[PDB]
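Engineer: There's a structure below that I have some questions on.
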Amino acid sequence: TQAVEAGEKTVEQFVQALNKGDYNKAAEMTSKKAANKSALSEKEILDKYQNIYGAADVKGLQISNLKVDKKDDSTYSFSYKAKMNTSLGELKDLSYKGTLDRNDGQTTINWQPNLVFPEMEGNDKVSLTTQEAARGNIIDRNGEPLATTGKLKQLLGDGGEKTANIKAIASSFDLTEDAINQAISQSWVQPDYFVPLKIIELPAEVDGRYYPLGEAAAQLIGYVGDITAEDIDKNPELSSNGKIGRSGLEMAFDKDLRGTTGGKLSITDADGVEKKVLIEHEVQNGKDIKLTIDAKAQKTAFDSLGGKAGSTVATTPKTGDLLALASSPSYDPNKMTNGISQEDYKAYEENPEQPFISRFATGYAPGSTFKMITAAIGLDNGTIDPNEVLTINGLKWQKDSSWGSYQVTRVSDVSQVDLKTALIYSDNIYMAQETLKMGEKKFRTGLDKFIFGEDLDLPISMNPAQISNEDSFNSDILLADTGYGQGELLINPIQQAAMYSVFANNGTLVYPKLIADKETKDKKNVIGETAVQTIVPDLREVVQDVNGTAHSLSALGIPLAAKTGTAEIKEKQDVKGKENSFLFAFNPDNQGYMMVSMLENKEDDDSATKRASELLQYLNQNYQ
Ligand SMILES: *C(=O)[C@@H](NC(=O)Cc1ccccc1)[C@@H]1N[C@@H](C(=O)O)C(C)(C)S1
């Protein structure tokens, strides 16, 4: 069985050459063109595999159950099962048969047309008919469309009137006259060709993906683009004529939204009469995805940012339903999927504010809002006494002279500061001293009860939140900075709304949900209910007290428990200093809604609190 083992290696190498797409390397392993030998020459075998497998997008040829016996003195027979992936699914349970020849020092394959497909003979052809599948829709929690397939409206003389009509079309549709003449002067433009320019009197209808909210949900939903030849080579089950999700939920849910391509792959005779049907199944359209998003809250949350850098997360904290996931600035997903110029796409990538960033999934330093967690931990382990009054003199403070020139800084010079006063004025010195007295060991014990290091079950690409870089602070300064939300903390707004949901469930952390049909997941006993009933009344005073940092929100006249914060970061690209503004707020009477808004690289005298009056009214009216 020495020459028999060489024949098994020849069959294995022939299949591997077909699997890797190198049809020339597979054809060179066949015998000469003759009777009882190879049916075609090496060059003819190359063109037949390249035409047939290329038309069906065959990829991943895998065989099994190989058996190679011996027939004649110089003829060896082989047989094996095989499976392959085509553009209409996986072809499985294929019985292949053939013979080999070892007329010298090497062993070749007596190639026959039945080695392409099992029942092919002589000059048989292969026909493939496909039916494109309609992409499914993305809807909100009330059925409003967020990503649908609509019918769009896509928008000549001789000499002088032609140039005058171009100037008339550029001024009647807010278009550049230098681009209208550039569209009709492209290399692909032939004399009487309709050159499309932009979508919506006519001087001298097509189907496509449509996003109703547009930029208000561009980071969350995403966009779809034309499928390329490289996309088919990676996944043949795609439609080489349709769309593929490029970012956002259009990409994360691309498999469920695109459906499956339908049609028939059959073998015909020399004349195109069908003989054997290999694959055939009806077209299955893409399923719709229903989100927890509120279409009216998503638009309001985005418009409240006013085009500045920031993000806003609105949830129902008792169930976790993500009502709004806004990010600003944003891009136009309709222009992104229906043709965009090289200048407009470069303007989105070269924009320093980066509109492509999903800021609700980007890890930031939580700021002074994180004092709610440090206080709740201090109340659980008995370190923080709600009535204990610390004496703080001045605006700067340090533990001892070993800190050098670093001092914890506060804004309000209040001499008598207890826990309630610290949350109203956002006193960093108070929380810094209570964190040091708490100790790193007991501080991490309360932090580990949260979602630090956990990857949330959400169709949004993000990194898990962290307490610090390593498992130990190993620095009293870093321990204090982590007390009031600075240091090496990295928590994205979605993870902040999850950690802050304990104050709406009496110490129970409710994980956020984006899909409407998913079951509510929670984590009980994260913080004590006693700490909730102590901090939440103080969070009311952050809005109601006249010296509260969120006193401008008392104008709403609705029950609110809030906590603001303005974290300052080291920018390096700018040595003046960059500060982010944060705001957390929820209804402490019914726990119907919860809001976490931020303002990245804020302007002076600007804050997320100033821009939250509109969204807080809608969430209080429609989510009790
Ligand atoms: C929490 O992050 C605190 N921020 C600082 O100490 C940094 C800072 C604050 C103001 C100006 C420059 C640097 C507190 N959070 C904010 C807030 O809650 O709005 C305060 C201004 C109260 S300090």
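In the structure tokens, the first chain shown is A, the next is B, and so on; residue numbers restart at 1 for each chain, and ligands run from 1 in the order shown.
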At a cut-off of 8 Å around ligand 1, and using only C-alpha atoms and all ligand atoms, what residues come up? Please write them as a ChimeraX atom specification.

Structural biologist: /A:366-369,408-412,425-428,484-486,549-550,563-568,579,581-582

Engineer: Using only C-alpha atoms, determine which residues lie at most 12 Å from residue 90 (chain A), disregarding the query and same-chain residues fewer than 5 positions distant; provide the list as a list in words.

Structural biologist: residues 56, 57, 58, 59, 60, 61, 62, 82, 83, 84, 85, 235, 236, 237, 265, 278, 279, 280 and 281 of chain A

Engineer: When DSSP works through the backbone of this structure, what residues of region 558-592 of chain A end up as strand (DSSP E or B), shown as a PyMOL selection string?

Structural biologist: chain A and resi 561-569+578-586

Engineer: Just the selected residues (N, CA and C atoms), exported as a PDB file, in the first residue's frame, please.

Structural biologist:
ATOM      1  N   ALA A 561     -33.953  63.780  40.882  1.00  0.00           N
ATOM      2  CA  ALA A 561     -32.783  63.528  41.716  1.00  0.00           C
ATOM      3  C   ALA A 561     -31.580  63.465  40.786  1.00  0.00           C
ATOM      4  N   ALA A 562     -30.695  64.455  40.879  1.00  0.00           N
ATOM      5  CA  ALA A 562     -29.621  64.615  39.911  1.00  0.00           C
ATOM      6  C   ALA A 562     -28.276  64.758  40.611  1.00  0.00           C
ATOM      7  N   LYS A 563     -27.220  64.739  39.797  1.00  0.00           N
ATOM      8  CA  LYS A 563     -25.855  64.972  40.265  1.00  0.00           C
ATOM      9  C   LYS A 563     -25.008  65.348  39.061  1.00  0.00           C
ATOM     10  N   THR A 564     -24.407  66.534  39.095  1.00  0.00           N
ATOM     11  CA  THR A 564     -23.606  67.030  37.990  1.00  0.00           C
ATOM     12  C   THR A 564     -22.132  66.701  38.216  1.00  0.00           C
ATOM     13  N   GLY A 565     -21.306  67.097  37.251  1.00  0.00           N
ATOM     14  CA  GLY A 565     -19.876  66.882  37.327  1.00  0.00           C
ATOM     15  C   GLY A 565     -19.161  67.436  36.114  1.00  0.00           C
ATOM     16  N   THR A 566     -17.993  68.043  36.320  1.00  0.00           N
ATOM     17  CA  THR A 566     -17.175  68.587  35.235  1.00  0.00           C
ATOM     18  C   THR A 566     -15.762  68.032  35.395  1.00  0.00           C
ATOM     19  N   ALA A 567     -15.507  66.890  34.767  1.00  0.00           N
ATOM     20  CA  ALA A 567     -14.190  66.273  34.805  1.00  0.00           C
ATOM     21  C   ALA A 567     -13.222  67.008  33.888  1.00  0.00           C
ATOM     22  N   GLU A 568     -12.009  67.235  34.384  1.00  0.00           N
ATOM     23  CA  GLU A 568     -10.942  67.852  33.609  1.00  0.00           C
ATOM     24  C   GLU A 568      -9.893  66.808  33.256  1.00  0.00           C
ATOM     25  N   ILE A 569      -9.447  66.831  32.001  1.00  0.00           N
ATOM     26  CA  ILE A 569      -8.517  65.838  31.482  1.00  0.00           C
ATOM     27  C   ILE A 569      -7.258  66.538  30.992  1.00  0.00           C
ATOM     28  N   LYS A 578      -8.673  70.711  28.714  1.00  0.00           N
ATOM     29  CA  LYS A 578      -9.955  70.288  28.169  1.00  0.00           C
ATOM     30  C   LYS A 578     -10.795  69.687  29.286  1.00  0.00           C
ATOM     31  N   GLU A 579     -12.047  70.131  29.388  1.00  0.00           N
ATOM     32  CA  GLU A 579     -12.947  69.695  30.448  1.00  0.00           C
ATOM     33  C   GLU A 579     -14.238  69.150  29.851  1.00  0.00           C
ATOM     34  N   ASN A 580     -14.715  68.039  30.409  1.00  0.00           N
ATOM     35  CA  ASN A 580     -15.968  67.415  30.004  1.00  0.00           C
ATOM     36  C   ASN A 580     -17.026  67.644  31.074  1.00  0.00           C
ATOM     37  N   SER A 581     -18.248  67.936  30.641  1.00  0.00           N
ATOM     38  CA  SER A 581     -19.365  68.161  31.547  1.00  0.00           C
ATOM     39  C   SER A 581     -20.281  66.946  31.554  1.00  0.00           C
ATOM     40  N   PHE A 582     -20.727  66.552  32.745  1.00  0.00           N
ATOM     41  CA  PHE A 582     -21.572  65.380  32.917  1.00  0.00           C
ATOM     42  C   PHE A 582     -22.834  65.753  33.682  1.00  0.00           C
ATOM     43  N   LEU A 583     -23.883  64.957  33.474  1.00  0.00           N
ATOM     44  CA  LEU A 583     -25.132  65.121  34.205  1.00  0.00           C
ATOM     45  C   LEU A 583     -25.846  63.782  34.301  1.00  0.00           C
ATOM     46  N   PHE A 584     -26.224  63.409  35.519  1.00  0.00           N
ATOM     47  CA  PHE A 584     -27.057  62.247  35.781  1.00  0.00           C
ATOM     48  C   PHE A 584     -28.341  62.710  36.452  1.00  0.00           C
ATOM     49  N   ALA A 585     -29.472  62.164  36.010  1.00  0.00           N
ATOM     50  CA  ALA A 585     -30.762  62.571  36.546  1.00  0.00           C
ATOM     51  C   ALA A 585     -31.779  61.467  36.301  1.00  0.00           C
ATOM     52  N   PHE A 586     -32.698  61.316  37.250  1.00  0.00           N
ATOM     53  CA  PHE A 586     -33.766  60.331  37.144  1.00  0.00           C
ATOM     54  C   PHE A 586     -34.915  60.783  38.033  1.00  0.00           C
TER      55      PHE A 586
END

Engineer: Which residue is closest to residue 51 (chain A)? Choose from A:615, A:133, A:128, A:478 and count only C-alpha atoms.

Structural biologist: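 When distances to residue 51 (chain A) are compared using only C-alpha atoms, the smallest one comes from A:128.
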
Engineer: Which of region 123-313 of chain A end up as helix (DSSP H, G or I) when DSSP is run on this backbone - answer as a VMD selection string?

Structural biologist: chain A and resid 160 to 172 177 to 183 214 to 221 229 to 234 248 to 252 254 to 258 295 to 304

Engineer: Between A:67, A:201, A:556, A:137, single out the one closest to residue 165 (chain A), counting only C-alpha atoms.

Structural biologist: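 Among the listed residues, A:201 lies closest to residue 165 (chain A).
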
Engineer: When distances are computed from only C-alpha atoms, which of A:336, A:302, A:155, A:189 shows the smallest separation from residue 170 (chain A)?

Structural biologist: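 Comparing A:336, A:302, A:155, A:189 against residue 170 (chain A), the winner is A:155.
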
Engineer: Using only C-alpha atoms, pick whichever of A:240, A:547, A:182, A:495 has the shortest atom-to-atom distance to residue 455 (chain A).

Structural biologist: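 With only C-alpha atoms as the atom set, the closest residue is A:495.
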
Engineer: Find, counting only C-alpha atoms, the residue in A:11, A:203, A:74, A:147 that gets nearest to residue 162 (chain A).

Structural biologist: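 For residue 162 (chain A), the nearest of the given residues is A:203.
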
Engineer: Hey, what's within 8 Å of region 528-536 of chain A if we count only C-alpha atoms and toss same-chain stuff fewer than 4 positions away? As a list in words, please?

Structural biologist: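 The neighbour list is residues 372, 375, 376, 379, 380, 386, 420, 502, 503, 506, 507, 540, 561 and 588 of chain A.
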
Engineer: For region 518-521 of chain A, work out the shell of residues within 9 Å, counting only C-alpha atoms and skipping chain neighbours fewer than 2 positions away, then give it as JSON, numbers by chain.

Structural biologist: {"A": [318, 319, 320, 321, 509, 510, 511, 512, 513, 514, 515, 516, 523]}

Engineer: Taking only C-alpha atoms into account, which of A:72, A:150, A:252, A:168 comes nearest residue 458 (chain A)?

Structural biologist: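 Selected residue with least distance to residue 458 (chain A): A:252.
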
Engineer: Determine, counting only C-alpha atoms, which protein, DNA and RNA residues have an atom within 8 Å of an atom of residue 313 (chain A); residues of the same chain fewer than 6 positions away are not included. Present the result as a list in words.

Structural biologist: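 Once the adjacent positions are removed, what remains is residues 322, 323, 324, 325, 326, 360, 493, 494, 497, 595, 596 and 597 of chain A.
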
Engineer: Go ahead and dump the residues you just picked, N, CA and C atoms, as a PDB file, in the first residue's frame.

Structural biologist:
ATOM      1  N   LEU A 322     -32.937  50.861  26.834  1.00  0.00           N
ATOM      2  CA  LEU A 322     -32.225  52.022  26.303  1.00  0.00           C
ATOM      3  C   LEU A 322     -33.180  52.817  25.422  1.00  0.00           C
ATOM      4  N   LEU A 323     -33.711  53.918  25.959  1.00  0.00           N
ATOM      5  CA  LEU A 323     -34.675  54.724  25.218  1.00  0.00           C
ATOM      6  C   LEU A 323     -34.008  55.605  24.170  1.00  0.00           C
ATOM      7  N   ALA A 324     -32.762  56.014  24.401  1.00  0.00           N
ATOM      8  CA  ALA A 324     -32.067  56.882  23.464  1.00  0.00           C
ATOM      9  C   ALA A 324     -30.565  56.707  23.642  1.00  0.00           C
ATOM     10  N   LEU A 325     -29.854  56.591  22.515  1.00  0.00           N
ATOM     11  CA  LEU A 325     -28.393  56.477  22.484  1.00  0.00           C
ATOM     12  C   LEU A 325     -27.885  57.483  21.455  1.00  0.00           C
ATOM     13  N   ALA A 326     -27.768  58.738  21.873  1.00  0.00           N
ATOM     14  CA  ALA A 326     -27.372  59.817  20.982  1.00  0.00           C
ATOM     15  C   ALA A 326     -25.870  60.062  21.054  1.00  0.00           C
ATOM     16  N   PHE A 360     -21.540  57.268  23.128  1.00  0.00           N
ATOM     17  CA  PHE A 360     -22.213  56.525  24.186  1.00  0.00           C
ATOM     18  C   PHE A 360     -21.539  55.191  24.479  1.00  0.00           C
ATOM     19  N   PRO A 493     -20.881  56.040  28.730  1.00  0.00           N
ATOM     20  CA  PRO A 493     -22.207  56.457  29.222  1.00  0.00           C
ATOM     21  C   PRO A 493     -23.208  55.324  29.374  1.00  0.00           C
ATOM     22  N   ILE A 494     -23.132  54.283  28.543  1.00  0.00           N
ATOM     23  CA  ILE A 494     -24.047  53.156  28.704  1.00  0.00           C
ATOM     24  C   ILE A 494     -23.732  52.395  29.986  1.00  0.00           C
ATOM     25  N   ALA A 497     -25.018  54.434  32.988  1.00  0.00           N
ATOM     26  CA  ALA A 497     -26.448  54.293  33.242  1.00  0.00           C
ATOM     27  C   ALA A 497     -26.775  52.955  33.890  1.00  0.00           C
ATOM     28  N   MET A 595     -31.412  59.355  33.081  1.00  0.00           N
ATOM     29  CA  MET A 595     -30.685  60.073  32.046  1.00  0.00           C
ATOM     30  C   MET A 595     -29.234  60.265  32.458  1.00  0.00           C
ATOM     31  N   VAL A 596     -28.323  60.024  31.518  1.00  0.00           N
ATOM     32  CA  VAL A 596     -26.899  60.297  31.690  1.00  0.00           C
ATOM     33  C   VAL A 596     -26.428  61.013  30.432  1.00  0.00           C
ATOM     34  N   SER A 597     -26.142  62.306  30.552  1.00  0.00           N
ATOM     35  CA  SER A 597     -25.691  63.118  29.434  1.00  0.00           C
ATOM     36  C   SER A 597     -24.296  63.656  29.714  1.00  0.00           C
TER      37      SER A 597
END

Engineer: Would you kindly return, as an MDAnalysis selection string, each protein, DNA or RNA residue with an atom no farther than 12 Å from any atom of residue 283 (chain A), considering only C-alpha atoms and excluding same-chain residues fewer than 3 positions away?

Structural biologist: chainID A and resid 88:89 129:135 239 258:264 280 286

Engineer: Once you have the residues from the selection above, write them out as a PDB file, in the first residue's frame, restricted to N, CA and C atoms.

Structural biologist:
ATOM      1  N   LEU A  88     -25.790  30.028  -2.582  1.00  0.00           N
ATOM      2  CA  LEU A  88     -27.142  29.642  -2.194  1.00  0.00           C
ATOM      3  C   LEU A  88     -27.147  28.711  -0.989  1.00  0.00           C
ATOM      4  N   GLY A  89     -26.063  28.678  -0.229  1.00  0.00           N
ATOM      5  CA  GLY A  89     -25.966  27.854   0.956  1.00  0.00           C
ATOM      6  C   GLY A  89     -24.858  26.831   0.834  1.00  0.00           C
ATOM      7  N   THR A 129     -29.653  30.537 -11.066  1.00  0.00           N
ATOM      8  CA  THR A 129     -30.640  31.604 -11.003  1.00  0.00           C
ATOM      9  C   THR A 129     -30.845  31.983  -9.543  1.00  0.00           C
ATOM     10  N   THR A 130     -30.768  33.280  -9.248  1.00  0.00           N
ATOM     11  CA  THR A 130     -30.875  33.774  -7.883  1.00  0.00           C
ATOM     12  C   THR A 130     -31.940  34.857  -7.797  1.00  0.00           C
ATOM     13  N   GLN A 131     -32.568  34.948  -6.627  1.00  0.00           N
ATOM     14  CA  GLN A 131     -33.553  35.980  -6.325  1.00  0.00           C
ATOM     15  C   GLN A 131     -33.068  36.760  -5.111  1.00  0.00           C
ATOM     16  N   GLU A 132     -32.867  38.063  -5.286  1.00  0.00           N
ATOM     17  CA  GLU A 132     -32.305  38.887  -4.224  1.00  0.00           C
ATOM     18  C   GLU A 132     -33.300  39.046  -3.080  1.00  0.00           C
ATOM     19  N   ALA A 133     -32.785  39.044  -1.852  1.00  0.00           N
ATOM     20  CA  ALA A 133     -33.620  39.146  -0.664  1.00  0.00           C
ATOM     21  C   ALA A 133     -33.721  40.592  -0.201  1.00  0.00           C
ATOM     22  N   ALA A 134     -34.915  40.980   0.237  1.00  0.00           N
ATOM     23  CA  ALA A 134     -35.143  42.328   0.739  1.00  0.00           C
ATOM     24  C   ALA A 134     -34.603  42.453   2.157  1.00  0.00           C
ATOM     25  N   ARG A 135     -33.888  43.543   2.421  1.00  0.00           N
ATOM     26  CA  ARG A 135     -33.301  43.747   3.737  1.00  0.00           C
ATOM     27  C   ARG A 135     -34.375  44.124   4.753  1.00  0.00           C
ATOM     28  N   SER A 239     -25.243  38.680  -1.202  1.00  0.00           N
ATOM     29  CA  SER A 239     -25.755  38.982  -2.533  1.00  0.00           C
ATOM     30  C   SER A 239     -24.824  40.004  -3.176  1.00  0.00           C
ATOM     31  N   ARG A 258     -30.308  40.931   6.309  1.00  0.00           N
ATOM     32  CA  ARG A 258     -30.184  40.676   4.879  1.00  0.00           C
ATOM     33  C   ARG A 258     -30.986  39.466   4.420  1.00  0.00           C
ATOM     34  N   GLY A 259     -31.333  38.556   5.331  1.00  0.00           N
ATOM     35  CA  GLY A 259     -32.040  37.356   4.931  1.00  0.00           C
ATOM     36  C   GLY A 259     -31.117  36.362   4.246  1.00  0.00           C
ATOM     37  N   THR A 260     -31.708  35.527   3.393  1.00  0.00           N
ATOM     38  CA  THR A 260     -30.971  34.531   2.630  1.00  0.00           C
ATOM     39  C   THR A 260     -31.370  34.615   1.165  1.00  0.00           C
ATOM     40  N   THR A 261     -30.378  34.510   0.283  1.00  0.00           N
ATOM     41  CA  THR A 261     -30.637  34.577  -1.148  1.00  0.00           C
ATOM     42  C   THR A 261     -31.328  33.303  -1.616  1.00  0.00           C
ATOM     43  N   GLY A 262     -32.387  33.462  -2.409  1.00  0.00           N
ATOM     44  CA  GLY A 262     -33.106  32.325  -2.947  1.00  0.00           C
ATOM     45  C   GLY A 262     -32.825  32.097  -4.417  1.00  0.00           C
ATOM     46  N   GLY A 263     -33.138  30.907  -4.905  1.00  0.00           N
ATOM     47  CA  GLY A 263     -32.932  30.578  -6.298  1.00  0.00           C
ATOM     48  C   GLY A 263     -32.679  29.091  -6.464  1.00  0.00           C
ATOM     49  N   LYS A 264     -32.061  28.747  -7.594  1.00  0.00           N
ATOM     50  CA  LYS A 264     -31.790  27.357  -7.941  1.00  0.00           C
ATOM     51  C   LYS A 264     -30.429  27.237  -8.608  1.00  0.00           C
ATOM     52  N   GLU A 280     -31.770  24.345  -4.311  1.00  0.00           N
ATOM     53  CA  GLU A 280     -32.954  25.129  -4.643  1.00  0.00           C
ATOM     54  C   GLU A 280     -33.752  25.384  -3.375  1.00  0.00           C
ATOM     55  N   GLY A 286     -35.246  39.413   5.104  1.00  0.00           N
ATOM     56  CA  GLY A 286     -34.650  39.687   6.399  1.00  0.00           C
ATOM     57  C   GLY A 286     -35.706  40.003   7.443  1.00  0.00           C
TER      58      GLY A 286
END
